[PDB]
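Quick notes on the structure that follows.
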Amino acid sequence: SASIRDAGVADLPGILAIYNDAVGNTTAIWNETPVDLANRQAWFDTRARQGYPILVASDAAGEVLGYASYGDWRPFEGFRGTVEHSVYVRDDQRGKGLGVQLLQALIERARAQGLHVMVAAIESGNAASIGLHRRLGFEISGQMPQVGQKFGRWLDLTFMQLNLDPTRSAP
Amino acid sequence: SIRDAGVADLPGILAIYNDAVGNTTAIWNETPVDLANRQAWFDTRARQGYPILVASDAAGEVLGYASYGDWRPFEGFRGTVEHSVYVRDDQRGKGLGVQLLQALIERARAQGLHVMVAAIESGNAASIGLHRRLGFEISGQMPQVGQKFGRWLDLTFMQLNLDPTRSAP
């Protein structure tokens with residue numbers, strides 16, 4: 001039912017609500033402090049400057065059911081072919097394949113932009129997220145113990161990556 | 001002698017940094033920087049409370065340097081830093097690498113950090129071995145994530161847990 005489209009500034013309150021819910025309730029984002037609309041507007045502006053997409057999964061009423069974006073992975077010019085993405089689905093919208101729809105769409109954008117590699121950073125216990133990525137062609141590249149903390153406990157990080165143009169032998 | 005870097009060390013640090021930009025896969029930047037660029041980098045580290053150390057003689061000439069900073073820009077990663085160590089090209093095979101990394105590790109410990117991460121171009125067998133010698137373990141292997149000299153480069157992550165008896169943050 002839901003459609004995937006580019007985000008506008010009017011989607012930012014719905015984006016913020018999803019972001020802050022993950023902050024409060026999950027390991028999907030390793031921050032414990034919630035942010036305000038201005039912070040997400042600054043994030044939106046950053047993506048605009050970079051020319052990177054922000055996509056939303058939306059319903060008829062314009063409710064944000066999920067969103068996805070990518071940014072730079074490491075801050076050096078040698079990494080310009082590589083981006084790190086994030087995909088968030090509203091908690092009540094889980095189990096409907098929206099994460100797949102969002103990530104499929106984001107991959108197609110990344111390809112159209114001539115990018116080389118998409119990197120996912122996933123908390124290692126999040127089997128749902130790992131499986132979603134695996135089924136879209138991502139491979140495990142790293143497993144990094146105790147690099148994070150949240151809820152008073154150490155967290156491990158799994159890196160997965162997708163090469164978007166495996167035939168491109170040279171940059 | 002290993003000591004904290006001062007402003008006087010920046011020309012020595014600049015020369016080493018630019019050498020690495022031009023001649024190595026140690027920095028995945030291909031464009032040389034000016035002194036002002038390193039001055040800003042120095043000030044940012046100072047303001048963050050992160051160390052910049054220099055391998056120096058009593059006269060003060062910079063034989064190598066080392067620093068660490070944020071690995072990922074989220075509060076959840078506050079126990080984790082990413083380091084770099086650079087030794088002047090004419091000073092290789094003299095134990096300066098071990099010296100600097102050992103000193104950086106001691107500083108990270110004193111600051112109560114939990115994990116130090118190295119990002120190493122995968123073909124750099126010497127640097128991978130140096131890190132293994134100081135108890136780093138491979139924790140990531142990432143094909144073609146970067147480029148330099150007109151070719152794709154692979155990246156190896158290695159990490160050291162600074163306090164593995166600390167069951168909780």
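Please note that chains go A, B, ... in the order of the structure tokens, that every chain numbers its residues from 1, and that ligands are numbered from 1 in the order shown.
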
Report the closest atom pair, with its distance in Å rounded to one decimal, for each residue of chain B that has an atom no farther than 6 Å from chain A; count only C-alpha atoms, sort by chain and then rising residue number, and write it as JSON lines.
```
{"residue": "B:28", "atom": "CA", "partner": "A:78", "partner_atom": "CA", "distance": 4.8}
{"residue": "B:29", "atom": "CA", "partner": "A:77", "partner_atom": "CA", "distance": 5.6}
{"residue": "B:75", "atom": "CA", "partner": "A:31", "partner_atom": "CA", "distance": 5.4}
{"residue": "B:76", "atom": "CA", "partner": "A:30", "partner_atom": "CA", "distance": 4.6}
{"residue": "B:77", "atom": "CA", "partner": "A:148", "partner_atom": "CA", "distance": 4.8}
{"residue": "B:80", "atom": "CA", "partner": "A:147", "partner_atom": "CA", "distance": 5.8}
{"residue": "B:139", "atom": "CA", "partner": "A:144", "partner_atom": "CA", "distance": 5.4}
{"residue": "B:140", "atom": "CA", "partner": "A:142", "partner_atom": "CA", "distance": 3.8}
{"residue": "B:141", "atom": "CA", "partner": "A:141", "partner_atom": "CA", "distance": 5.4}
{"residue": "B:142", "atom": "CA", "partner": "A:141", "partner_atom": "CA", "distance": 5.7}
{"residue": "B:145", "atom": "CA", "partner": "A:82", "partner_atom": "CA", "distance": 5.9}
{"residue": "B:146", "atom": "CA", "partner": "A:79", "partner_atom": "CA", "distance": 4.6}
{"residue": "B:147", "atom": "CA", "partner": "A:78", "partner_atom": "CA", "distance": 4.9}
{"residue": "B:151", "atom": "CA", "partner": "A:170", "partner_atom": "CA", "distance": 5.5}
{"residue": "B:168", "atom": "CA", "partner": "A:153", "partner_atom": "CA", "distance": 5.4}
```

Could you write out the selected residues, including N, CA and C atoms, as a compact mmCIF listing (two decimals), in the first residue's frame?
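What landed in again_21.txt:
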```txt
# COMPACT_ATOMS: atom_id res chain seq x y z
N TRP B 28 44.24 8.24 2.95
CA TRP B 28 43.53 8.15 1.66
C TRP B 28 43.04 9.54 1.24
N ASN B 29 44.00 10.45 1.20
CA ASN B 29 43.86 11.75 0.61
C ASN B 29 45.02 11.88 -0.36
N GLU B 75 27.20 9.48 20.57
CA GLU B 75 27.53 9.39 22.00
C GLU B 75 27.76 7.95 22.46
N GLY B 76 27.10 6.99 21.80
CA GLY B 76 27.24 5.57 22.14
C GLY B 76 28.63 4.99 21.88
N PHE B 77 29.45 5.72 21.12
CA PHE B 77 30.81 5.29 20.77
C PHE B 77 31.89 6.00 21.59
N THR B 80 35.20 4.51 22.45
CA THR B 80 35.98 4.01 21.32
C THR B 80 36.69 5.13 20.56
N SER B 139 39.19 -7.14 13.12
CA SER B 139 37.75 -7.14 13.36
C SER B 139 36.92 -6.64 12.17
N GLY B 140 37.58 -6.23 11.08
CA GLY B 140 36.89 -5.87 9.85
C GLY B 140 37.79 -6.05 8.63
N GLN B 141 37.20 -6.46 7.51
CA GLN B 141 37.93 -6.59 6.25
C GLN B 141 36.99 -6.15 5.12
N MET B 142 37.30 -5.01 4.52
CA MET B 142 36.34 -4.30 3.68
C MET B 142 36.90 -4.06 2.27
N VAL B 145 36.61 -0.31 -0.58
CA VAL B 145 35.87 0.78 0.05
C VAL B 145 36.53 2.12 -0.19
N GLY B 146 37.77 2.10 -0.67
CA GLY B 146 38.47 3.35 -0.90
C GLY B 146 39.23 3.33 -2.20
N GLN B 147 39.83 4.46 -2.54
CA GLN B 147 40.64 4.55 -3.75
C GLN B 147 41.83 5.46 -3.51
N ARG B 151 43.46 3.29 -8.17
CA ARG B 151 43.01 1.90 -7.94
C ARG B 151 42.16 1.75 -6.68
N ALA B 168 30.93 -3.90 32.23
CA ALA B 168 29.91 -2.92 31.86
C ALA B 168 30.54 -1.53 31.77
```

>> Env of residue 52 in chain B: 8 Å cut, atoms = only C-alpha atoms, seq-sep filter 6 positions within chain, self excluded. Answer as a list in words.
In response: residues 4, 5, 42, 45, 65, 66, 67 and 68 of chain B

>> Using DSSP assignments from the backbone, pull out every residue in range 3-163 of chain B that falls under strand (DSSP E or B) and give it to me as number ranges by chain.
In response: B: 3-4, 52-56, 62-70, 80-87, 115-121, 137-148, 151-161

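Taking only C-alpha atoms into account, residue 79 in chain B lies nearest to B:114 out of the set B:94, B:3, B:38, B:114.
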
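Interatomic distance, CA of residue 11 in chain B to CA of residue 40 in chain B: 13.1 Å.
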
> Using the chain letters and numbers from this document, which residues of chain A does DSSP assign to alpha helix (DSSP H), as a PyMOL selection string?
Replying inline: chain A and resi 12-25+37-50+98-112+127-134

Go ahead and write the selection's residues with N, CA and C atoms as a short mmCIF file (atom, residue, chain, number, x, y, z; two decimals), in the first residue's frame.
```cif
data_model
loop_
_atom_site.label_atom_id
_atom_site.label_comp_id
_atom_site.auth_asym_id
_atom_site.auth_seq_id
_atom_site.Cartn_x
_atom_site.Cartn_y
_atom_site.Cartn_z
N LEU A 12 9.52 16.02 8.15
CA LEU A 12 10.48 16.05 9.26
C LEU A 12 9.87 15.78 10.65
N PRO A 13 8.65 16.28 10.95
CA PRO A 13 8.07 15.85 12.23
C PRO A 13 7.86 14.33 12.35
N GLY A 14 7.45 13.67 11.26
CA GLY A 14 7.26 12.20 11.27
C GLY A 14 8.58 11.46 11.34
N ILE A 15 9.57 11.97 10.62
CA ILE A 15 10.94 11.47 10.72
C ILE A 15 11.49 11.58 12.14
N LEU A 16 11.32 12.75 12.75
CA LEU A 16 11.77 13.02 14.12
C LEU A 16 11.15 12.05 15.13
N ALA A 17 9.84 11.81 15.01
CA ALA A 17 9.16 10.88 15.91
C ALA A 17 9.74 9.47 15.81
N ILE A 18 10.02 9.00 14.59
CA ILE A 18 10.67 7.68 14.41
C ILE A 18 12.10 7.70 14.98
N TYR A 19 12.85 8.75 14.67
CA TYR A 19 14.22 8.86 15.17
C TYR A 19 14.24 8.81 16.70
N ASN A 20 13.40 9.61 17.35
CA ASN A 20 13.40 9.68 18.81
C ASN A 20 12.90 8.40 19.49
N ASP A 21 12.00 7.68 18.83
CA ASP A 21 11.52 6.39 19.33
C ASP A 21 12.68 5.37 19.33
N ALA A 22 13.48 5.35 18.26
CA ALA A 22 14.64 4.44 18.19
C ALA A 22 15.69 4.82 19.22
N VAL A 23 15.91 6.12 19.39
CA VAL A 23 16.77 6.65 20.46
C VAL A 23 16.32 6.13 21.83
N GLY A 24 15.03 6.26 22.13
CA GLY A 24 14.53 5.84 23.44
C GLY A 24 14.42 4.34 23.67
N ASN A 25 14.16 3.58 22.60
CA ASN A 25 13.69 2.21 22.77
C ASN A 25 14.51 1.09 22.15
N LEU A 37 13.34 19.22 16.27
CA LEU A 37 13.05 19.43 14.86
C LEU A 37 14.18 20.18 14.15
N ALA A 38 14.76 21.17 14.82
CA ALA A 38 15.87 21.96 14.26
C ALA A 38 17.08 21.08 13.92
N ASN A 39 17.38 20.12 14.81
CA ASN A 39 18.46 19.17 14.59
C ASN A 39 18.23 18.34 13.33
N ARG A 40 17.00 17.84 13.16
CA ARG A 40 16.66 17.05 11.96
C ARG A 40 16.59 17.92 10.71
N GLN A 41 16.19 19.18 10.87
CA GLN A 41 16.28 20.13 9.74
C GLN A 41 17.73 20.35 9.31
N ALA A 42 18.65 20.42 10.27
CA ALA A 42 20.08 20.55 9.98
C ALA A 42 20.63 19.31 9.27
N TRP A 43 20.14 18.13 9.68
CA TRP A 43 20.47 16.85 9.02
C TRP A 43 19.94 16.81 7.58
N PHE A 44 18.69 17.24 7.39
CA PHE A 44 18.06 17.36 6.08
C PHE A 44 18.91 18.28 5.18
N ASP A 45 19.32 19.43 5.72
CA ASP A 45 20.15 20.40 4.98
C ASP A 45 21.51 19.80 4.59
N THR A 46 22.10 19.06 5.51
CA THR A 46 23.36 18.37 5.24
C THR A 46 23.23 17.44 4.03
N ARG A 47 22.21 16.58 4.05
CA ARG A 47 21.95 15.67 2.92
C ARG A 47 21.72 16.44 1.60
N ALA A 48 21.00 17.56 1.70
CA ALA A 48 20.78 18.45 0.55
C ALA A 48 22.10 18.97 -0.03
N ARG A 49 22.99 19.44 0.85
CA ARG A 49 24.33 19.91 0.44
C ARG A 49 25.14 18.80 -0.22
N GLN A 50 25.01 17.58 0.30
CA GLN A 50 25.75 16.43 -0.20
C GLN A 50 25.15 15.88 -1.49
N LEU A 98 8.41 -3.16 4.72
CA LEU A 98 8.70 -1.75 4.41
C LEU A 98 10.20 -1.45 4.38
N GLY A 99 10.95 -2.06 5.30
CA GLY A 99 12.41 -1.95 5.31
C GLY A 99 13.02 -2.39 4.00
N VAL A 100 12.52 -3.50 3.46
CA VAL A 100 12.97 -3.98 2.14
C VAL A 100 12.66 -2.97 1.02
N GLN A 101 11.43 -2.46 1.00
CA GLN A 101 11.03 -1.47 -0.01
C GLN A 101 11.93 -0.25 0.04
N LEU A 102 12.18 0.23 1.25
CA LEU A 102 13.00 1.42 1.45
C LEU A 102 14.43 1.20 0.97
N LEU A 103 15.01 0.07 1.37
CA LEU A 103 16.40 -0.21 1.05
C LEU A 103 16.55 -0.53 -0.43
N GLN A 104 15.60 -1.25 -1.02
CA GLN A 104 15.63 -1.46 -2.47
C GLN A 104 15.68 -0.13 -3.21
N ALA A 105 14.85 0.81 -2.78
CA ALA A 105 14.78 2.12 -3.42
C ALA A 105 16.08 2.91 -3.26
N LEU A 106 16.68 2.82 -2.07
CA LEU A 106 17.91 3.52 -1.76
C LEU A 106 19.08 2.98 -2.60
N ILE A 107 19.13 1.65 -2.74
CA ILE A 107 20.14 1.00 -3.60
C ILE A 107 20.06 1.52 -5.05
N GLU A 108 18.84 1.65 -5.56
CA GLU A 108 18.63 2.12 -6.92
C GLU A 108 19.09 3.56 -7.08
N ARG A 109 18.85 4.40 -6.07
CA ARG A 109 19.36 5.77 -6.05
C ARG A 109 20.88 5.80 -6.03
N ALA A 110 21.49 4.97 -5.17
CA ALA A 110 22.94 4.92 -5.04
C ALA A 110 23.58 4.53 -6.37
N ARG A 111 22.99 3.55 -7.05
CA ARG A 111 23.44 3.15 -8.39
C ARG A 111 23.34 4.28 -9.40
N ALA A 112 22.19 4.96 -9.42
CA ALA A 112 21.98 6.09 -10.33
C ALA A 112 22.98 7.22 -10.09
N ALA A 127 19.21 -9.59 14.51
CA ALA A 127 19.13 -10.60 13.46
C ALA A 127 18.15 -10.21 12.36
N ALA A 128 17.09 -9.49 12.72
CA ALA A 128 16.13 -9.05 11.73
C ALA A 128 16.81 -8.17 10.68
N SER A 129 17.61 -7.20 11.14
CA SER A 129 18.30 -6.27 10.24
C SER A 129 19.39 -6.95 9.43
N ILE A 130 20.19 -7.77 10.08
CA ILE A 130 21.20 -8.58 9.36
C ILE A 130 20.57 -9.41 8.23
N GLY A 131 19.43 -10.05 8.50
CA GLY A 131 18.78 -10.91 7.50
C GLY A 131 18.20 -10.13 6.34
N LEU A 132 17.65 -8.97 6.66
CA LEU A 132 17.11 -8.06 5.65
C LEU A 132 18.21 -7.66 4.65
N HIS A 133 19.37 -7.31 5.19
CA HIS A 133 20.51 -6.89 4.38
C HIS A 133 21.08 -8.06 3.58
N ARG A 134 21.27 -9.20 4.23
CA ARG A 134 21.75 -10.41 3.54
C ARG A 134 20.92 -10.72 2.31
#
```

>> One decimal, in Å: what's the spacing between CA of residue 71 in chain B and CA of residue 117 in chain B?
In response: 7.6 Å

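When the distance limit is 10 Å and only C-alpha atoms are what count, the residues near residue 85 in chain B, minus those fewer than 2 positions from it on the same chain, are residues 26, 52, 53, 54, 64, 65, 66, 67, 68, 83, 87, 96, 97, 98, 100, 101, 104, 118 and 127 of chain B.
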
>> Quick one: residues within 9 Å of residue 57 in chain B, only C-alpha atoms, excluding same-chain residues fewer than 6 positions away - as a ChimeraX atom specification?
In response: /B:1-2,63
